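Trainee: If you scroll down you'll find the structure; I have some questions about it.
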Amino acid sequence: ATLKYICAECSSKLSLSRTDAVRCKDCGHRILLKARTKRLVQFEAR
Amino acid sequence: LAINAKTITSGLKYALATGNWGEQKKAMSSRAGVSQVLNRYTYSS
Amino acid sequence: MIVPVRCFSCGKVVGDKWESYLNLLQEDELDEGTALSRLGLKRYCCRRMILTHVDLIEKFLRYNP
Amino acid sequence: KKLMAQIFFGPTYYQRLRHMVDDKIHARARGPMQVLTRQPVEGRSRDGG
Amino acid sequence: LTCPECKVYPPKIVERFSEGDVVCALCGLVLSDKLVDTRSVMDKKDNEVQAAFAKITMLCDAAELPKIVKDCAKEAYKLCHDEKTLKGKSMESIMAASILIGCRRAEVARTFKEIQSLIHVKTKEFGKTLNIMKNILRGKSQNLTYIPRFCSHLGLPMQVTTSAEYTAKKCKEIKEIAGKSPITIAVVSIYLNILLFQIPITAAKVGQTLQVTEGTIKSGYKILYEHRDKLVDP
Amino acid sequence: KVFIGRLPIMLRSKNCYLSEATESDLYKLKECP
Amino acid sequence: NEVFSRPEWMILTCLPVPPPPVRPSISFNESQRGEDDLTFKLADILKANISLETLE
Amino acid sequence: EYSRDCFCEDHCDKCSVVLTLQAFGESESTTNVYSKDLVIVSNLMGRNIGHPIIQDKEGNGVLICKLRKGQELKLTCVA
RNA sequence: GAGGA
Ligand SMILES: [Zn+2]
Ligand SMILES: [Zn+2]
Ligand SMILES: [Zn+2]
Ligand SMILES: [Zn+2]
């Protein structure tokens, strides 16, 4: 799916507004990752 | 009943985090230089 | 980490020889002198590249996510 | 052409130290100044002179 | 601060702090040349204020409260700090009032009984004092937080806690004697979840741990068993 | 019985979670062996 | 010296107050501005002097 | 054609060859990613160009990367 | 702390 955050511990998916900041709802963790973009980043082979 | 744990807690923590071996009120009279920040530049370092 | 391609100085591709090198060691019990020479790494500019590699990417592969 | 002198030659372990130059290059052409003494600020990270 | 040349009343300017100048982004004239970087006991009536500060600080220590809660309570005390509507009130009632003020404002759930176990306030003069103090601060100018505290105090896992969370969320919409002092409702939701589970924390331990009635729990449980219909997520 | 203070723990000291754990766990803890 | 240094001037009775620029106020947070060290010392001298006048 | 000579906006089939790569750690053991996994996408116009050279006797070329389980790698390249 | 030289 499209993504907004990842639980660090459970390594699943998630989405949140400016609501809670925590709680991998399953593990209830307190650290989330920012769910890598989709900008199709460009790279230079050198 | 009414024992200030924060005394020991914060005292230990502050001392470690700065390394001024002494008292939190001891600024310079406390011996300093202990408790550095674990150079992790290269495993052997 | 993973094998480098292309022995730095020499330029010869070596990024493919890694598997076979390991195989020689395990299954053939071969001696890495002769192992290298078997893969054709004649000059030490490449022999260095293989012999001394360190395959950390293994130990990276063990963190679950 | 061949060289008239032969060359010592072999592998050798070399370790790359930190402080690449890009962290030393530094140039100031009238940037910001301190508060107390109104001389240029200090530290290249702070645009110092 | 305006561009003499370009002369637009709201001046579209830029600060080239790296050069330490200020520029009329329109015409390019520099406006200001050197930009100063800045980035790095009885004679004062604060005697009572600092006595309150010290007692507040030691109380915050005892409660293990966050520095933000400590600051909020200190600020609330400073906001009142004197009034006829206060009129004394033992100087401990106001401490407890401002402490609960700080905790609520920083979103910390704290029981009047816990606060009173910290401070002898007689709890009734405390009620009046907190009322007047809240009103004063309202002039001078959300109950879910209690669950995980007790979940921890009873040693309960996070999925149990979120089950309780959803139960309490539906509690508001399930009048049919929903709350009426919803601390009882929180504790009975906890009891619902543990009874849904197989946890040997039978009512005695929870009651003696949370200083709650052994009977109000089953009083709530009576309607809770009927209410069981709207509580099954998975 | 009575709480007092809070002691920082040297890592892998007898009292640390890691003190006895094995490799695979260490990995699972995201902690380099 | 007669004109510039008479010994009684070696003991202060009036006190000059160096203006702000000598002791500027660092605004190291953006709502409040930590005052210069000297300014605290001046507050202290002023406090004590006030007190002595009171006690007299 | 050298890209600096092709007028197309940065690449075309007269000045480039597009490769692509997808890998996924379906297995439980480590999934190697070899050069041979590269796949041409752009049209070669029948020019003997761009097949990754495979001197390896085992048939899979350079070892590009290793994948554990859920790790997925998917990118496209221009030659 | 760091610290190069
Ligand atoms: Zn999680
Ligand atoms: Zn070579
Ligand atoms: Zn202008
Ligand atoms: Zn083209």
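Letters A, B, ... go to the chains of the structure tokens in the order shown; residues in each chain start at 1; ligands are counted from 1 in the same order.
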Could the residues of chain F within 7 Å of chain C, counting only C-alpha atoms, be given as a list in words, please?

Mentor: residues 27, 28 and 30 of chain F

Trainee: Could you write out that same residue set with N, CA and C atoms as a PDB file, in the first residue's frame?

Mentor:
```
ATOM      1  N   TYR F  27      21.111 -10.391  17.653  1.00  0.00           N
ATOM      2  CA  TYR F  27      20.643  -9.863  16.391  1.00  0.00           C
ATOM      3  C   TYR F  27      19.221  -9.383  16.512  1.00  0.00           C
ATOM      4  N   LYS F  28      18.364 -10.189  17.109  1.00  0.00           N
ATOM      5  CA  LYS F  28      16.974  -9.792  17.193  1.00  0.00           C
ATOM      6  C   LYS F  28      16.832  -8.524  17.999  1.00  0.00           C
ATOM      7  N   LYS F  30      18.759  -6.174  17.685  1.00  0.00           N
ATOM      8  CA  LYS F  30      19.455  -5.167  16.915  1.00  0.00           C
ATOM      9  C   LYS F  30      20.640  -4.652  17.694  1.00  0.00           C
TER      10      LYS F  30
END
```

Trainee: Would you pick out the contacts of residue I:3 at 12 Å or less, using only C-alpha atoms (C1' of nucleotides), so that residues sharing its chain but fewer than 5 positions from it are not included, and give the list as a list in words?

Mentor: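 Residues near the query, excluding close chain neighbours: residues 39 of chain B; 18 and 19 of chain D.
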
Trainee: Using the selection just defined, write its residues with C-alpha atoms as a PDB file, in the first residue's frame.

Mentor:
```pdb
ATOM      1  CA  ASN B  39      34.750   7.217  20.880  1.00  0.00           C
TER       2      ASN B  39
ATOM      3  CA  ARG D  18      39.117  11.310   8.669  1.00  0.00           C
ATOM      4  CA  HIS D  19      39.191  15.021   7.939  1.00  0.00           C
TER       5      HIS D  19
END
```

Trainee: Which residues sit within 8 Å of ligand 3, counting only C-alpha atoms (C1' of nucleotides) and all ligand atoms, listed as an NGL selection string?

Mentor: :E and (3-7 or 23-29)

Trainee: Using DSSP secondary structure from the backbone, list all helix (DSSP H, G or I) positions within chain B, as a PyMOL selection string.

Mentor: chain B and resi 5-18

Trainee: Using N, CA and C atoms, can you write the selected residues to a file as a PDB file, in the first residue's frame?

Mentor:
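For reference, part-v4.pdb as written:
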```pdb
ATOM      1  N   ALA B   5      13.715  10.282  46.086  1.00  0.00           N
ATOM      2  CA  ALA B   5      14.499   9.440  45.197  1.00  0.00           C
ATOM      3  C   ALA B   5      15.242  10.282  44.186  1.00  0.00           C
ATOM      4  N   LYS B   6      14.571  11.297  43.659  1.00  0.00           N
ATOM      5  CA  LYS B   6      15.196  12.158  42.680  1.00  0.00           C
ATOM      6  C   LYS B   6      16.565  12.584  43.113  1.00  0.00           C
ATOM      7  N   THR B   7      16.823  12.647  44.408  1.00  0.00           N
ATOM      8  CA  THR B   7      18.164  12.984  44.837  1.00  0.00           C
ATOM      9  C   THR B   7      19.166  12.034  44.234  1.00  0.00           C
ATOM     10  N   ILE B   8      19.069  10.759  44.577  1.00  0.00           N
ATOM     11  CA  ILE B   8      20.041   9.802  44.076  1.00  0.00           C
ATOM     12  C   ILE B   8      19.968   9.721  42.569  1.00  0.00           C
ATOM     13  N   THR B   9      18.759   9.610  42.042  1.00  0.00           N
ATOM     14  CA  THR B   9      18.633   9.434  40.611  1.00  0.00           C
ATOM     15  C   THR B   9      19.346  10.545  39.882  1.00  0.00           C
ATOM     16  N   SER B  10      18.859  11.761  40.034  1.00  0.00           N
ATOM     17  CA  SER B  10      19.441  12.848  39.295  1.00  0.00           C
ATOM     18  C   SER B  10      20.889  13.042  39.650  1.00  0.00           C
ATOM     19  N   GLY B  11      21.281  12.787  40.887  1.00  0.00           N
ATOM     20  CA  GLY B  11      22.662  13.032  41.233  1.00  0.00           C
ATOM     21  C   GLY B  11      23.585  12.139  40.448  1.00  0.00           C
ATOM     22  N   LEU B  12      23.288  10.851  40.455  1.00  0.00           N
ATOM     23  CA  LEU B  12      24.074   9.908  39.684  1.00  0.00           C
ATOM     24  C   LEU B  12      24.073  10.280  38.221  1.00  0.00           C
ATOM     25  N   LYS B  13      22.896  10.508  37.671  1.00  0.00           N
ATOM     26  CA  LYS B  13      22.837  10.780  36.259  1.00  0.00           C
ATOM     27  C   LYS B  13      23.672  11.984  35.917  1.00  0.00           C
ATOM     28  N   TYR B  14      23.416  13.112  36.554  1.00  0.00           N
ATOM     29  CA  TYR B  14      24.167  14.302  36.212  1.00  0.00           C
ATOM     30  C   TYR B  14      25.645  14.032  36.305  1.00  0.00           C
ATOM     31  N   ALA B  15      26.074  13.375  37.368  1.00  0.00           N
ATOM     32  CA  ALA B  15      27.502  13.196  37.521  1.00  0.00           C
ATOM     33  C   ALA B  15      28.058  12.425  36.353  1.00  0.00           C
ATOM     34  N   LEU B  16      27.376  11.365  35.959  1.00  0.00           N
ATOM     35  CA  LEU B  16      27.861  10.605  34.821  1.00  0.00           C
ATOM     36  C   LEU B  16      27.890  11.457  33.578  1.00  0.00           C
ATOM     37  N   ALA B  17      26.812  12.165  33.317  1.00  0.00           N
ATOM     38  CA  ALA B  17      26.672  12.836  32.043  1.00  0.00           C
ATOM     39  C   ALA B  17      27.691  13.942  31.880  1.00  0.00           C
ATOM     40  N   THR B  18      28.196  14.485  32.970  1.00  0.00           N
ATOM     41  CA  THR B  18      29.188  15.528  32.841  1.00  0.00           C
ATOM     42  C   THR B  18      30.561  15.051  33.243  1.00  0.00           C
TER      43      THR B  18
END
```

Trainee: Distance limit 12 Å, atoms considered: only C-alpha atoms. Which chain E residues sit that close to chain F? Return them as a PDB file with C-alpha atoms, in the first residue's frame.

Mentor:
```
ATOM      1  CA  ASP E  61      10.140  14.430  42.399  1.00  0.00           C
ATOM      2  CA  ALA E  62       7.953  12.229  44.551  1.00  0.00           C
ATOM      3  CA  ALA E  63       5.423  11.855  41.753  1.00  0.00           C
ATOM      4  CA  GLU E  64       8.179  11.312  39.154  1.00  0.00           C
TER       5      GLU E  64
END
```

Trainee: Identify, counting only C-alpha atoms (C1' of nucleotides) and all ligand atoms, the protein, DNA and RNA residues located within 6 Å of ligand 2, and give them as a PyMOL selection string.

Mentor: chain C and resi 7+9-12+45-46
